[PDB]
Amino acid sequence: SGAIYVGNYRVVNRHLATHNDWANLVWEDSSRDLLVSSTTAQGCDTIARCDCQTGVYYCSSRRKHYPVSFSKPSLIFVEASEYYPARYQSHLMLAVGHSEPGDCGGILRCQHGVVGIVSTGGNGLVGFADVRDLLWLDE
Ligand SMILES: COc1cccc(NC(=O)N2CCC[C@H](C(N)=O)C2)c1Cl
Ligand SMILES: [Zn+2]
């Protein structure tokens, strides 16, 4: 679990969005596993606007932060799950690191701010949904 709180927006994994997220929907994209909902309170986070390919993520299944080198946002095949059919997920960045299904929502940050959130995992892999291209989150 986990979310990004920026301005009057809450960014979550689409597959983990609550009834309240959907009732206050701003934007969602199944191909990116992202959903953004509106909030009444002002958020605690700031978004990176950069091309960093290294950063640190929070891994809830280890209660620890790990440094990672990750690929540029791209279209990657993701196997079927209870949440989605087998498909290509866009704007996804992969890295070598530990992840378990409940780790989704963990934040990846670089020196400039929030880069994205954990969205996939594999045998020694972790995938992050990028949010750096969503410029409207800042206004
Ligand atoms: C060790 O295996 C791991 C580790 C961490 C996460 C995952 N689950 C995914 O990757 N899924 C399921 C949820 C939905 C995701 C999606 N974005 O489609 C895909 C797995 Cl299989
Ligand atoms: Zn950066």
# chains A, B, ... in the order shown; residues from 1 in each chain; ligands from 1
call {"tool": "residues_near_ligand", "arguments": {"ligand": "ligand 2", "cutoff": "12 Å", "atoms": "only C-alpha atoms and all ligand atoms", "output": "count of residues only"}}
result
23
call {"tool": "closest_atom_pairs", "arguments": {"of": "chain A", "to": "ligand 1", "cutoff": "9 Å", "atoms": "only C-alpha atoms and all ligand atoms", "output": "CSV"}}
result
residue,atom,partner,partner_atom_place_in_ligand_line,distance
A:13,CA,ligand 1,17 (N),7.8
A:14,CA,ligand 1,17 (N),8.5
A:15,CA,ligand 1,14 (C),6.5
A:16,CA,ligand 1,14 (C),8.8
A:30,CA,ligand 1,18 (O),8.7
A:31,CA,ligand 1,18 (O),8.5
A:32,CA,ligand 1,17 (N),7.5
A:33,CA,ligand 1,17 (N),5.4
A:34,CA,ligand 1,17 (N),8.8
A:78,CA,ligand 1,18 (O),6.0
A:79,CA,ligand 1,19 (C),7.1
A:80,CA,ligand 1,18 (O),7.4
A:81,CA,ligand 1,12 (C),5.4
A:82,CA,ligand 1,12 (C),7.3
A:83,CA,ligand 1,14 (C),5.9
A:84,CA,ligand 1,18 (O),6.0
A:85,CA,ligand 1,18 (O),8.3
A:86,CA,ligand 1,18 (O),8.2
A:87,CA,ligand 1,18 (O),8.2
A:88,CA,ligand 1,18 (O),8.9
A:89,CA,ligand 1,17 (N),7.1
A:92,CA,ligand 1,17 (N),8.8
A:98,CA,ligand 1,4 (C),7.6
A:99,CA,ligand 1,5 (C),4.5
A:100,CA,ligand 1,5 (C),3.6
A:101,CA,ligand 1,6 (C),3.6
A:102,CA,ligand 1,6 (C),7.0
A:103,CA,ligand 1,5 (C),6.6
A:104,CA,ligand 1,6 (C),6.9
A:118,CA,ligand 1,6 (C),8.3
A:119,CA,ligand 1,17 (N),4.6
A:120,CA,ligand 1,10 (O),3.3
A:121,CA,ligand 1,5 (C),3.2
A:122,CA,ligand 1,1 (C),3.9
A:123,CA,ligand 1,1 (C),5.2
A:124,CA,ligand 1,1 (C),7.3
A:125,CA,ligand 1,4 (C),7.4
A:126,CA,ligand 1,5 (C),6.7
A:127,CA,ligand 1,10 (O),7.5
A:128,CA,ligand 1,17 (N),8.6
A:129,CA,ligand 1,17 (N),8.1
call {"tool": "atom_distance", "arguments": {"atom1": "CA of residue 27 in chain A", "atom2": "CA of residue 70 in chain A"}}
result
25.6 Å
call {"tool": "select_by_dssp", "arguments": {"residues": "chain A", "states": "strand (DSSP E or B)", "output": "JSON, numbers by chain"}}
result
{"A": [4, 5, 6, 9, 10, 11, 12, 13, 25, 26, 27, 28, 29, 34, 35, 36, 37, 38, 47, 54, 55, 56, 57, 58, 59, 64, 65, 66, 67, 68, 69, 70, 74, 75, 76, 77, 78, 87, 88, 89, 90, 91, 92, 93, 94, 95, 96, 107, 108, 109, 110, 113, 114, 115, 116, 117, 118, 119, 120, 121, 122, 125, 126, 127, 128, 129, 130]}
call {"tool": "residues_around", "arguments": {"residues": "residue 7 in chain A", "least_positions_apart": "5", "cutoff": "7 Å", "atoms": "only C-alpha atoms", "output": "mmCIF file with N, CA and C atoms, in the first residue's frame"}}
result
data_model
loop_
_atom_site.group_PDB
_atom_site.id
_atom_site.type_symbol
_atom_site.label_atom_id
_atom_site.label_comp_id
_atom_site.auth_asym_id
_atom_site.auth_seq_id
_atom_site.Cartn_x
_atom_site.Cartn_y
_atom_site.Cartn_z
ATOM 1 N N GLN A 42 -4.143 19.883 1.877
ATOM 2 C CA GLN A 42 -2.973 20.096 1.026
ATOM 3 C C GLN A 42 -1.944 18.990 1.287
ATOM 4 N N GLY A 43 -1.395 18.396 0.222
ATOM 5 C CA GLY A 43 -0.456 17.277 0.330
ATOM 6 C C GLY A 43 0.950 17.597 0.801
ATOM 7 N N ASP A 138 1.312 19.415 -10.458
ATOM 8 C CA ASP A 138 1.938 20.601 -9.856
ATOM 9 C C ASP A 138 1.075 21.830 -9.849
#
call {"tool": "closest_residue", "arguments": {"among": "A:5, A:107, A:44, A:91", "to": "residue 72 in chain A", "atoms": "only C-alpha atoms"}}
result
A:91
call {"tool": "atom_distance", "arguments": {"atom1": "CA of residue 77 in chain A", "atom2": "CA of residue 137 in chain A"}}
result
26.8 Å
call {"tool": "residues_around", "arguments": {"residues": "residue 39 in chain A", "least_positions_apart": "3", "cutoff": "8 Å", "atoms": "only C-alpha atoms", "output": "PyMOL selection string"}}
result
chain A and resi 8-10+24+42
call {"tool": "write_last_selection", "arguments": {"atoms": "C-alpha atoms", "output": "short mmCIF file (atom, residue, chain, number, x, y, z; two decimals), in the first residue's frame"}}
result
data_model
loop_
_atom_site.label_atom_id
_atom_site.label_comp_id
_atom_site.auth_asym_id
_atom_site.auth_seq_id
_atom_site.Cartn_x
_atom_site.Cartn_y
_atom_site.Cartn_z
CA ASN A 8 -5.03 18.65 -3.83
CA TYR A 9 -4.32 15.26 -5.42
CA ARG A 10 -3.78 11.70 -4.13
CA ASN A 24 -13.45 11.71 -6.10
CA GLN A 42 -2.97 20.10 1.03
#
call {"tool": "atom_distance", "arguments": {"atom1": "CA of residue 97 in chain A", "atom2": "CA of residue 68 in chain A"}}
result
7.2 Å
call {"tool": "select_by_dssp", "arguments": {"residues": "chain A", "states": "helix (DSSP H, G or I)", "output": "PyMOL selection string"}}
result
chain A and resi 14-16+19-23+30-32+101-103+135-138
call {"tool": "write_last_selection", "arguments": {"atoms": "N, CA and C atoms", "output": "mmCIF file, in the first residue's frame"}}
result
data_model
loop_
_atom_site.group_PDB
_atom_site.id
_atom_site.type_symbol
_atom_site.label_atom_id
_atom_site.label_comp_id
_atom_site.auth_asym_id
_atom_site.auth_seq_id
_atom_site.Cartn_x
_atom_site.Cartn_y
_atom_site.Cartn_z
ATOM 1 N N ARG A 14 -3.849 2.059 -9.435
ATOM 2 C CA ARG A 14 -5.270 1.942 -9.813
ATOM 3 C C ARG A 14 -5.898 0.674 -9.204
ATOM 4 N N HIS A 15 -5.118 -0.438 -9.156
ATOM 5 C CA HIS A 15 -5.689 -1.696 -8.661
ATOM 6 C C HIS A 15 -5.952 -1.702 -7.161
ATOM 7 N N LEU A 16 -5.396 -0.714 -6.427
ATOM 8 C CA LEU A 16 -5.614 -0.578 -4.987
ATOM 9 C C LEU A 16 -6.531 0.611 -4.624
ATOM 10 N N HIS A 19 -13.189 2.915 -2.677
ATOM 11 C CA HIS A 19 -14.448 3.478 -3.130
ATOM 12 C C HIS A 19 -14.354 5.032 -3.118
ATOM 13 N N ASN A 20 -13.708 5.594 -2.074
ATOM 14 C CA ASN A 20 -13.580 7.041 -1.976
ATOM 15 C C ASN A 20 -12.704 7.629 -3.095
ATOM 16 N N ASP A 21 -11.640 6.911 -3.514
ATOM 17 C CA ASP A 21 -10.820 7.394 -4.634
ATOM 18 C C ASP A 21 -11.687 7.507 -5.897
ATOM 19 N N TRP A 22 -12.487 6.455 -6.184
ATOM 20 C CA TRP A 22 -13.327 6.455 -7.378
ATOM 21 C C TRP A 22 -14.439 7.496 -7.291
ATOM 22 N N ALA A 23 -14.937 7.778 -6.083
ATOM 23 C CA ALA A 23 -15.991 8.820 -5.928
ATOM 24 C C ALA A 23 -15.423 10.268 -6.104
ATOM 25 N N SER A 30 -5.693 2.508 -16.839
ATOM 26 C CA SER A 30 -5.465 1.102 -16.594
ATOM 27 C C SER A 30 -4.128 0.644 -17.213
ATOM 28 N N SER A 31 -3.753 1.213 -18.377
ATOM 29 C CA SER A 31 -2.484 0.804 -19.010
ATOM 30 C C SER A 31 -1.253 1.261 -18.219
ATOM 31 N N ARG A 32 -1.411 2.183 -17.271
ATOM 32 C CA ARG A 32 -0.283 2.642 -16.421
ATOM 33 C C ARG A 32 -0.411 2.159 -14.963
ATOM 34 N N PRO A 101 3.758 -8.568 -3.649
ATOM 35 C CA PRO A 101 2.558 -7.829 -4.106
ATOM 36 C C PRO A 101 2.108 -6.633 -3.235
ATOM 37 N N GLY A 102 2.112 -6.783 -1.907
ATOM 38 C CA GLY A 102 1.740 -5.725 -0.958
ATOM 39 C C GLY A 102 2.715 -4.549 -0.904
ATOM 40 N N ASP A 103 3.858 -4.670 -1.609
ATOM 41 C CA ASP A 103 4.796 -3.543 -1.691
ATOM 42 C C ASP A 103 4.327 -2.448 -2.648
ATOM 43 N N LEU A 135 2.518 16.623 -15.653
ATOM 44 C CA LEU A 135 2.844 17.990 -15.224
ATOM 45 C C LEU A 135 1.721 18.688 -14.482
ATOM 46 N N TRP A 136 0.472 18.300 -14.792
ATOM 47 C CA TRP A 136 -0.694 18.889 -14.156
ATOM 48 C C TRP A 136 -0.785 18.585 -12.647
ATOM 49 N N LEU A 137 0.000 17.626 -12.123
ATOM 50 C CA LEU A 137 -0.049 17.341 -10.685
ATOM 51 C C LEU A 137 0.417 18.568 -9.866
ATOM 52 N N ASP A 138 1.312 19.415 -10.458
ATOM 53 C CA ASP A 138 1.938 20.601 -9.856
ATOM 54 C C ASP A 138 1.075 21.830 -9.849
#
call {"tool": "closest_residue", "arguments": {"among": "A:139, A:45, A:18, A:75", "to": "residue 4 in chain A", "atoms": "only C-alpha atoms"}}
result
A:45
call {"tool": "closest_residue", "arguments": {"among": "A:57, A:11, A:6, A:71", "to": "residue 35 in chain A", "atoms": "only C-alpha atoms"}}
result
A:11
